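A short write-up of the structure that comes next.
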Amino acid sequence: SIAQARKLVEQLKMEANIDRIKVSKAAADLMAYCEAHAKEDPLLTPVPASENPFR
Amino acid sequence: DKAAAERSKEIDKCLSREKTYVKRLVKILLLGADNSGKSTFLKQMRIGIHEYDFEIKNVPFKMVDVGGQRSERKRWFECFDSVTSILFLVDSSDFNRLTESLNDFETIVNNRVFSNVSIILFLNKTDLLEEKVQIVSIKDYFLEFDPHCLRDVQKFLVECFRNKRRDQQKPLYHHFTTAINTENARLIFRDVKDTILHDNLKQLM
Amino acid sequence: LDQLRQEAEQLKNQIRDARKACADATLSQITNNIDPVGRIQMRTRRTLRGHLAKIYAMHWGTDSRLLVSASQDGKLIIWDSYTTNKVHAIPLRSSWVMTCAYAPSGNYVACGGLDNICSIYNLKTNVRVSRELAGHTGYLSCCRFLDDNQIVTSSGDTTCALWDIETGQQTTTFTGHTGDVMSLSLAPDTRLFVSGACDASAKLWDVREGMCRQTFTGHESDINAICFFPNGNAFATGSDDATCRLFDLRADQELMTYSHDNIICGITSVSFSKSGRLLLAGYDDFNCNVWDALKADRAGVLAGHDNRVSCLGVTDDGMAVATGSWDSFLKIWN
Amino acid sequence: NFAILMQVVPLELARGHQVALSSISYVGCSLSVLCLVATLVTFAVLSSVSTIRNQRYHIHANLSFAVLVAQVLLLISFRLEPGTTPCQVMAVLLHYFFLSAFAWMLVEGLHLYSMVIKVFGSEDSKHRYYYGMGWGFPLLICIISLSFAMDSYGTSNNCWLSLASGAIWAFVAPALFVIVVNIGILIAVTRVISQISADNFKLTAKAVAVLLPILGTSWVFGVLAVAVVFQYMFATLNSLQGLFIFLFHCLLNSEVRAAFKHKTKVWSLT
């Protein structure tokens with residue numbers, strides 16, 4: 001299984017240089033997506049019965 | 001506008017039509033080994049998972065057979081949690097292969113998934129060991145075990161498999177049968193009938 | 001070999017510190033004053049029936065109206081959620097199906113199970129098999145239509161593979177997810193997909209290639225389901241440790257772990273809401289707990305199933321959530 | 001008193017003791033109504049689960065409702081002026097509902113058979129006959145009973161059919177047929193459950209006891225007055241039937257309790 005052993009280190013090396021941005025920056029990015037589409041959520045804000053197909 | 005409702009009514013018939021068959025269908029899981037002579041056993045029923053649908057005494061059955069496809073993943077076992085019994089075959093004469101059969105029994109009967117199911121233990125090759133009895137002492141291998149009497153030897157194998165079960169929601173059965181016995185299907189019918197009787201009795205009382 | 005085995009360990013230690021190096025603050029810290037999610041008092045607005053046995057798979061369609069479902073009866077039922085009619089009932093060559101999928105175009109439905117072959121049924125012509133795939137070593141656990149021409153699958157052989165109806169052969173197989181891959185999901189931008197296995201970890205894969213790029217881990221048990229955030233930047237893995245959690249690509253680490261003290265049953269299916277605020281998650285306690293994705297609030301309960309809930313889905317329109325349980329029922333919640 | 005239902009020999013009873021049988025019949029039949037009221041609602045409210053919705057619980061509910069109305073319909077039949085037209089108006093309904101009450105006992109009896117001695121196929125739906133003989137057969141007899149001797153209704157001491165032209169047989173004879181079969185089913189059932197009661201013995205006593213309210217084997221003592229000692233046994237065995245259905249199939253059954261504990265979870269978590 002030398003090849004397999006070669007594979008794991010190789011894979012580890014591939015991810016050994018993973019580019020990354022600030023965790024808070026990525027975490028803050030999730031805030032913007034949630035806030036932007038909050039008004040258009042048919043499931044978070046109760047749906048107006050005039051157009052809800054399940055009302 | 002109307003074919004949509006029409007399709008539902010036609011479809012709901014077949015689903016309802018199949019309900020009586022499925023609700024009355026009996027599913028039996030078959031587990032064993034190559035030495036167990038499944039092919040020899042299955043032909044008697046006729047007169048990688050394979051489906052064998054048969055019927056004796058105006059009742060259907062289902063010999064679902066996991067052909068050595070036994071898996072360890074838990075989600076594999078709920079694919080067979082609908083069965084009502086497990087038919088278990090071991091080669092009685094294969095004395096040297098009893099150690100692995102003992103270990104095999106633990107995994108299935110003691111898994112919390114296959115709980116609430118009965119176990120129909122079978123010991124095929126009931127005439128092959130006849131000669132071995134009084135000739136080759138099972139006590140030579142199973143030191144925990146007179147060694148030359150069939151009845152003591154015949155009943156020792158059951159005590160090993162029966163005691164190998166952990167803590168008894170459903171009863172365990174045993175039947176020593178040949179690979180060509182005509183009473184094989186009858187024995188299952190008596191065992192499965194008793195299995196559902198206990199389930200109904202719970203409900204009833 | 002001995003030197004290589006020891007050398008492989010020290011690479012991960014730096015990579016382990018890479019998450020620490022890039023870490024800034026806990027998502028909880030990041031989100032402390034965020035508006036409360038509020039009590040979502042969702043109720044049942046539909047209750048489909050007609051399944052002979054317990055449900056294991058259900059998947060919506062891109063048309064927001066039709067949904068497919070598979071059960072141990074050996075049948076696939078296609079439902080109209082709006083009107084609660086049955087369109088098609090699909091008999092199967094086998095009778096042990098463990099996953100189902102719906103084509104965004106709507107002309108095909110994938111189904112697979114303990115049989116090594118997952119069938120690609122043709123829906124536009126009742127219904128026949130367009131192609132039965134070559135097969136894997138084990139059982140198919142989750143099937144998804146990457147497009148109308150490409151199919152991605154997860155089997156019991158730690159193997160995932162992109163497929164092709166045109167050639168009838170797996171174009172680019174994927175290997176490396178030790179254990180048994182049971183879950184699979186696709187990104188809204190159709191160029192990435194991940195999977196979860198019994199190795200208590202999830203791996204990120206790129207479709208155009210055949211080698212994984214990221215490996216999220218930490219689960220205390222096998223991952224049963226997974227789904228992506230509305231954007232291609234987050235995950236939600238539900239394992240048997242009774243703890244779903246959120247993941248991030250650039251962070252390459254977990255953000256918050258969703259668990260509750262009385263919750264010990266485990267998770268079977270998981271899906272987000274369209275706005276990404278809610279993490280709809282089924283549970284083996286015959287319940288469906290909704291959570292604030294942005295936060296960790298365990299707010300929003302959805303009960304009404306007699307037996308275990310195993311499959312869950314949220315319409316692309318985002319209007320309603322669907323749950324299928326072992327009770328042989330499937331009721332839409334909005 | 002409730003004991004008039006099975007009377008076939010016009011025996012006199014001590015007016016001092018007449019209240020004693022009537023008092024037990026009053027309280028016995030009154031509780032059997034109210035105690036059955038909880039049974040009907042608790043089956044409907046708990047119908048949200050599979051352990052309740054079944055081919056059998058239709059038998060228990062229908063039997064419960066049939067006895068529910070028949071019992072409460074009997075209280076107003078006592079005080080109502082004997083011999084009048086309203087007495088003849090509503091005493092047909094007692095004959096039909098009790099015959100329907102007994103028909104559901106046989107349906108319950110015929111279902112005990114298919115689950116215990118004919119175990120295979122005990123789950124196949126057979127509502128087309130259970131509803132049929134449950135109500136249609138009592139209707140068939142009553143039309144013949146009314147056409148043969150409509151005058152038989154009332155025209156006697158009390159609104160219950162008089163035991164003169166055999167009118168009493170219209171209900172007593174079918175009641176005996178239901179009793180005989182349920183006794184026959186009970187014996188075979190007891191034989192097959194006692195065999196599984198070997199050394200591992202109060203289980204076999206509980207098995208028969210829970211089957212008494214649903215097989216109607218307690219109505220044997222009614223016809224035995226031919227003497228007065230059995231009349232007392234008939235005024236407390238079946239008079240309080242509704243109490244027995246509650247305490248053995250509605251408040252003590254494991255399935256109804258498990259359904260209840262499930263519904264307390266969903267209601268609380270909502």
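So you can find residues: chains in the structure tokens are A, B, ... in the order shown, residues in each start at 1, and ligands are numbered from 1 in order.
For residue 9 in chain D, the non-local neighbours within 8 Å, defined as residues at least 4 positions apart in the same chain or in other chains and counting only C-alpha atoms, are residues 163, 225 and 226 of chain D.
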How would the residues just chosen look if you wrote them out with N, CA, C and O atoms as an mmCIF file, in the first residue's frame?
data_model
loop_
_atom_site.group_PDB
_atom_site.id
_atom_site.type_symbol
_atom_site.label_atom_id
_atom_site.label_comp_id
_atom_site.auth_asym_id
_atom_site.auth_seq_id
_atom_site.Cartn_x
_atom_site.Cartn_y
_atom_site.Cartn_z
ATOM 1 N N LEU D 163 -92.476 -11.833 27.841
ATOM 2 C CA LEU D 163 -92.148 -13.231 27.608
ATOM 3 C C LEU D 163 -93.425 -14.043 27.481
ATOM 4 O O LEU D 163 -93.736 -14.854 28.351
ATOM 5 N N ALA D 225 -82.157 -18.055 35.724
ATOM 6 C CA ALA D 225 -83.263 -17.827 36.653
ATOM 7 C C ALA D 225 -84.483 -18.604 36.170
ATOM 8 O O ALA D 225 -85.312 -18.119 35.396
ATOM 9 N N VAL D 226 -84.616 -19.830 36.658
ATOM 10 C CA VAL D 226 -85.748 -20.652 36.256
ATOM 11 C C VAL D 226 -86.159 -21.585 37.384
ATOM 12 O O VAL D 226 -85.987 -21.263 38.558
#
| query | What residues in chain B lie within 8 Å of chain C, counting only C-alpha atoms, written as a ChimeraX atom specification? | reply | /B:4-5,7-8,11-12,15-16,19,22,48-49,73,79
| task | Determine which residues of range 32-248 of chain D DSSP labels as helix (DSSP H, G or I) from the backbone of this structure, then write them out as a VMD selection string. | result | chain D and resid 32 to 45 57 to 79 85 to 116 127 to 152 169 to 197 203 to 215 217 to 223 228 to 237 241 to 248
For the selection just defined, write its residues with C-alpha atoms to a file, as a short mmCIF file (atom, residue, chain, number, x, y, z; two decimals), in the first residue's frame.
data_model
loop_
_atom_site.label_atom_id
_atom_site.label_comp_id
_atom_site.auth_asym_id
_atom_site.auth_seq_id
_atom_site.Cartn_x
_atom_site.Cartn_y
_atom_site.Cartn_z
CA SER D 32 -71.71 1.80 32.29
CA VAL D 33 -72.93 4.81 30.30
CA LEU D 34 -70.69 7.55 31.70
CA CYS D 35 -67.69 5.23 31.97
CA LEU D 36 -68.20 4.37 28.29
CA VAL D 37 -68.37 8.08 27.38
CA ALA D 38 -64.65 8.40 28.08
CA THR D 39 -64.01 5.30 25.96
CA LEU D 40 -65.51 6.77 22.78
CA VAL D 41 -63.76 10.15 23.01
CA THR D 42 -60.38 8.70 23.97
CA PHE D 43 -60.47 6.46 20.88
CA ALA D 44 -61.21 9.44 18.64
CA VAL D 45 -58.62 11.77 20.18
CA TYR D 57 -60.41 -0.83 17.48
CA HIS D 58 -63.34 -0.26 15.15
CA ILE D 59 -64.84 -3.35 16.81
CA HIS D 60 -64.29 -2.04 20.35
CA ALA D 61 -65.50 1.47 19.53
CA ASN D 62 -68.59 0.25 17.68
CA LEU D 63 -69.37 -2.20 20.48
CA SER D 64 -68.71 0.56 23.01
CA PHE D 65 -71.08 2.94 21.23
CA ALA D 66 -73.74 0.26 20.71
CA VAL D 67 -73.72 -0.61 24.41
CA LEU D 68 -73.36 3.10 25.28
CA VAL D 69 -76.66 4.05 23.66
CA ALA D 70 -78.38 0.79 24.64
CA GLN D 71 -77.55 1.32 28.28
CA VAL D 72 -78.55 4.95 28.45
CA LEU D 73 -81.66 4.19 26.37
CA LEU D 74 -82.61 1.66 29.06
CA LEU D 75 -82.68 4.18 31.92
CA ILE D 76 -85.37 6.25 30.21
CA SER D 77 -87.24 3.05 29.34
CA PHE D 78 -87.63 2.22 33.05
CA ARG D 79 -89.29 5.42 34.24
CA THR D 85 -97.38 4.41 22.64
CA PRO D 86 -94.01 6.09 23.46
CA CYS D 87 -93.20 2.89 25.36
CA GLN D 88 -93.90 1.02 22.13
CA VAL D 89 -92.06 3.75 20.21
CA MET D 90 -88.69 3.35 21.92
CA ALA D 91 -88.70 -0.27 23.09
CA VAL D 92 -87.98 -1.36 19.52
CA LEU D 93 -84.69 0.53 19.81
CA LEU D 94 -83.63 -1.44 22.90
CA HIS D 95 -84.20 -4.70 21.04
CA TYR D 96 -82.17 -3.52 18.06
CA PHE D 97 -79.26 -1.94 19.93
CA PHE D 98 -78.76 -4.83 22.36
CA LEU D 99 -78.91 -7.21 19.39
CA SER D 100 -76.40 -4.88 17.74
CA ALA D 101 -74.48 -4.88 21.03
CA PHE D 102 -74.38 -8.68 20.97
CA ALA D 103 -73.51 -8.70 17.27
CA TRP D 104 -70.34 -6.74 18.02
CA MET D 105 -69.46 -9.20 20.79
CA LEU D 106 -69.54 -11.97 18.18
CA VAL D 107 -67.55 -9.79 15.78
CA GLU D 108 -65.03 -9.35 18.59
CA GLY D 109 -65.29 -13.09 19.15
CA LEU D 110 -64.80 -13.87 15.47
CA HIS D 111 -61.74 -11.60 15.53
CA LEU D 112 -60.22 -13.32 18.55
CA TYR D 113 -60.35 -16.51 16.46
CA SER D 114 -58.57 -15.10 13.41
CA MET D 115 -55.76 -13.70 15.57
CA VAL D 116 -55.07 -16.70 17.85
CA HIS D 127 -64.59 -4.48 7.30
CA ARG D 128 -67.08 -5.46 4.58
CA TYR D 129 -68.43 -8.16 6.92
CA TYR D 130 -67.64 -6.74 10.37
CA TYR D 131 -69.85 -3.73 9.70
CA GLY D 132 -72.31 -6.02 7.92
CA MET D 133 -73.09 -8.54 10.64
CA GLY D 134 -72.40 -5.85 13.25
CA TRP D 135 -75.49 -3.87 12.28
CA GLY D 136 -77.11 -5.37 9.18
CA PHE D 137 -77.85 -8.74 10.77
CA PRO D 138 -79.48 -7.10 13.84
CA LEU D 139 -81.55 -5.05 11.39
CA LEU D 140 -82.61 -8.19 9.51
CA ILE D 141 -83.86 -9.83 12.72
CA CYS D 142 -85.67 -6.72 13.98
CA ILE D 143 -87.65 -6.30 10.76
CA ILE D 144 -88.74 -9.93 11.07
CA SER D 145 -89.28 -9.45 14.80
CA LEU D 146 -91.42 -6.36 14.27
CA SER D 147 -93.40 -7.89 11.41
CA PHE D 148 -94.04 -11.14 13.25
CA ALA D 149 -95.19 -9.59 16.52
CA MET D 150 -95.05 -5.81 16.56
CA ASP D 151 -97.62 -5.88 19.33
CA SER D 152 -95.18 -7.93 21.37
CA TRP D 169 -86.87 -15.42 22.15
CA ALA D 170 -86.25 -12.80 19.48
CA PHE D 171 -83.47 -11.49 21.70
CA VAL D 172 -82.72 -14.32 24.11
CA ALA D 173 -82.17 -16.96 21.42
CA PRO D 174 -79.70 -14.83 19.39
CA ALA D 175 -78.05 -13.86 22.68
CA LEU D 176 -77.59 -17.56 23.49
CA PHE D 177 -76.05 -18.17 20.06
CA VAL D 178 -73.54 -15.36 20.61
CA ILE D 179 -72.86 -16.69 24.12
CA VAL D 180 -72.25 -20.26 22.93
CA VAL D 181 -69.75 -19.29 20.23
CA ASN D 182 -67.90 -16.85 22.48
CA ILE D 183 -67.74 -19.54 25.16
CA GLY D 184 -66.47 -21.93 22.48
CA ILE D 185 -63.92 -19.39 21.29
CA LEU D 186 -62.93 -18.64 24.89
CA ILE D 187 -62.21 -22.32 25.61
CA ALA D 188 -60.04 -22.79 22.52
CA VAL D 189 -58.26 -19.50 23.20
CA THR D 190 -57.69 -20.46 26.84
CA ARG D 191 -56.33 -23.86 25.78
CA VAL D 192 -53.78 -22.28 23.44
CA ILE D 193 -52.68 -19.55 25.86
CA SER D 194 -52.52 -21.87 28.86
CA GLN D 195 -50.13 -24.13 26.99
CA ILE D 196 -47.75 -21.19 26.71
CA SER D 197 -48.19 -20.52 30.43
CA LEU D 203 -51.55 -14.87 33.43
CA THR D 204 -54.20 -17.34 32.25
CA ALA D 205 -56.69 -15.84 34.71
CA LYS D 206 -56.10 -12.30 33.43
CA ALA D 207 -56.40 -13.46 29.81
CA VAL D 208 -59.94 -14.78 30.26
CA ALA D 209 -60.98 -11.92 32.55
CA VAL D 210 -60.11 -9.25 29.98
CA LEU D 211 -62.13 -11.21 27.40
CA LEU D 212 -65.35 -11.37 29.44
CA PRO D 213 -66.58 -7.81 28.66
CA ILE D 214 -65.91 -8.26 24.92
CA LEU D 215 -67.14 -11.85 24.49
CA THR D 217 -69.81 -14.64 28.59
CA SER D 218 -71.30 -12.96 31.68
CA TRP D 219 -74.83 -13.05 30.23
CA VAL D 220 -75.06 -16.80 30.90
CA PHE D 221 -76.24 -16.08 34.45
CA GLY D 222 -79.24 -14.16 33.07
CA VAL D 223 -81.09 -17.19 31.69
CA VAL D 228 -83.31 -15.72 41.88
CA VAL D 229 -79.67 -16.01 42.97
CA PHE D 230 -78.55 -15.73 39.35
CA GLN D 231 -80.68 -12.62 38.82
CA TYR D 232 -78.40 -10.88 41.31
CA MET D 233 -75.36 -12.15 39.41
CA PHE D 234 -76.82 -10.77 36.17
CA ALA D 235 -77.39 -7.32 37.69
CA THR D 236 -73.69 -6.73 38.45
CA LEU D 237 -71.80 -8.78 35.87
CA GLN D 241 -70.15 -3.70 31.54
CA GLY D 242 -69.17 -0.19 30.49
CA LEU D 243 -66.88 -0.05 33.52
CA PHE D 244 -65.16 -3.23 32.36
CA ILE D 245 -64.50 -1.99 28.82
CA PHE D 246 -62.88 1.10 30.33
CA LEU D 247 -60.74 -0.76 32.87
CA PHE D 248 -59.46 -3.42 30.45
#
| task | Give me the residues within 12 Å of residue 4 in chain A as a ChimeraX atom specification, counting only C-alpha atoms and dropping any in the same chain fewer than 4 places off. | result | /A:8-11 /C:1,4-5,8,175-176
| request: With a cut-off of 6 Å and counting only C-alpha atoms, select all residues of chain A in contact with chain C and give the selection as a PyMOL selection string. | output: chain A and resi 9+20-24+34+37-38+41-43+54
Filtering to N, CA, C and O atoms, could you give me those residues as a compact mmCIF listing (two decimals), in the first residue's frame?
# COMPACT_ATOMS: atom_id res chain seq x y z
N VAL A 9 -0.13 11.43 1.83
CA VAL A 9 0.78 12.55 2.00
C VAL A 9 0.60 13.52 0.85
O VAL A 9 0.62 14.73 1.05
N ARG A 20 -6.93 30.61 2.43
CA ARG A 20 -8.01 30.85 3.38
C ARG A 20 -8.12 32.33 3.69
O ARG A 20 -7.12 33.05 3.70
N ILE A 21 -9.34 32.78 3.93
CA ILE A 21 -9.61 34.14 4.35
C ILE A 21 -9.96 34.13 5.84
O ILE A 21 -10.10 33.08 6.46
N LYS A 22 -10.08 35.33 6.41
CA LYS A 22 -10.40 35.46 7.83
C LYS A 22 -11.70 34.75 8.16
O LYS A 22 -12.69 34.85 7.42
N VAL A 23 -11.70 34.02 9.28
CA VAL A 23 -12.89 33.27 9.68
C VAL A 23 -14.05 34.22 9.95
O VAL A 23 -15.19 33.95 9.54
N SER A 24 -13.79 35.33 10.63
CA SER A 24 -14.84 36.32 10.86
C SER A 24 -15.36 36.88 9.55
O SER A 24 -16.57 37.11 9.40
N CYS A 34 -28.04 36.03 4.98
CA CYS A 34 -29.24 35.81 5.78
C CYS A 34 -30.09 37.08 5.87
O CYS A 34 -31.31 37.02 5.72
N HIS A 37 -31.92 38.27 2.27
CA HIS A 37 -33.05 37.49 1.77
C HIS A 37 -34.09 37.20 2.85
O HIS A 37 -35.01 36.41 2.61
N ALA A 38 -33.96 37.81 4.03
CA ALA A 38 -34.92 37.56 5.10
C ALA A 38 -36.32 38.00 4.70
O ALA A 38 -37.31 37.30 4.99
N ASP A 41 -38.23 35.43 2.43
CA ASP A 41 -38.38 34.05 2.89
C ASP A 41 -39.85 33.74 3.08
O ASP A 41 -40.51 34.37 3.92
N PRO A 42 -40.42 32.78 2.34
CA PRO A 42 -41.81 32.39 2.59
C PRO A 42 -41.98 31.56 3.84
O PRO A 42 -43.13 31.29 4.24
N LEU A 43 -40.89 31.15 4.49
CA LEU A 43 -40.95 30.24 5.62
C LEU A 43 -40.57 30.89 6.94
O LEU A 43 -41.05 30.45 7.98
N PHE A 54 -50.45 26.57 0.02
CA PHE A 54 -50.80 25.64 1.09
C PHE A 54 -51.67 26.29 2.15
O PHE A 54 -51.90 25.67 3.20
Restrict the distance test to only C-alpha atoms, flag each residue of chain B within 6 Å of chain D, and return the flagged residues as a CSV table (one decimal) with C-alpha atoms, in the first residue's frame.
chain,number,residue,atom,x,y,z
B,20,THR,CA,-53.8,-7.1,1.5
B,24,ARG,CA,-50.3,-10.8,5.0
B,197,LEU,CA,-49.3,-15.6,17.7
Please identify every residue of chain C that has at least one atom no more than 10 Å from any atom of chain D, counting only C-alpha atoms, and report them as a compact mmCIF listing (two decimals) with N, CA and C atoms, in the first residue's frame.
# COMPACT_ATOMS: atom_id res chain seq x y z
N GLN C 41 -44.29 29.03 14.65
CA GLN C 41 -45.40 28.14 14.98
C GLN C 41 -45.99 27.54 13.70
N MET C 42 -45.13 26.85 12.96
CA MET C 42 -45.55 26.19 11.73
C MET C 42 -46.50 25.04 12.04
N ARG C 43 -47.45 24.82 11.13
CA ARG C 43 -48.44 23.76 11.27
C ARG C 43 -48.47 22.94 9.99
N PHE C 286 -38.75 10.94 16.41
CA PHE C 286 -40.03 11.19 15.77
C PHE C 286 -40.38 12.68 15.78
N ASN C 287 -39.36 13.53 15.67
CA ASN C 287 -39.60 14.97 15.67
C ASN C 287 -38.74 15.70 14.64
N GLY C 300 -38.37 26.42 17.11
CA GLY C 300 -39.18 25.91 16.02
C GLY C 300 -39.29 24.41 16.07
N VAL C 301 -40.46 23.91 16.46
CA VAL C 301 -40.65 22.47 16.56
C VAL C 301 -41.71 22.01 15.58
N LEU C 302 -41.55 20.81 15.04
CA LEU C 302 -42.48 20.31 14.04
C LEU C 302 -42.73 18.83 14.31
N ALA C 303 -43.77 18.56 15.09
CA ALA C 303 -44.11 17.20 15.49
C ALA C 303 -45.37 16.73 14.77
N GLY C 304 -45.61 15.42 14.84
CA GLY C 304 -46.77 14.85 14.19
C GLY C 304 -46.52 13.55 13.46
N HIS C 305 -45.32 13.00 13.58
CA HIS C 305 -44.96 11.75 12.93
C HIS C 305 -44.93 10.63 13.96
N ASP C 306 -45.54 9.49 13.61
CA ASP C 306 -45.64 8.39 14.56
C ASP C 306 -44.30 7.68 14.74
N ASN C 307 -43.59 7.44 13.65
CA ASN C 307 -42.32 6.73 13.68
C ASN C 307 -41.20 7.67 13.24
N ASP C 327 -43.63 5.97 9.31
CA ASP C 327 -45.05 5.69 9.45
C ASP C 327 -45.74 5.44 8.11
| request: Would you kindly return, as a VMD selection string, each protein, DNA or RNA residue with an atom no farther than 6 Å from any atom of residue 244 in chain C, considering only C-alpha atoms and excluding same-chain residues fewer than 5 positions away? | output: chain C and resid 237 to 238 257 to 258
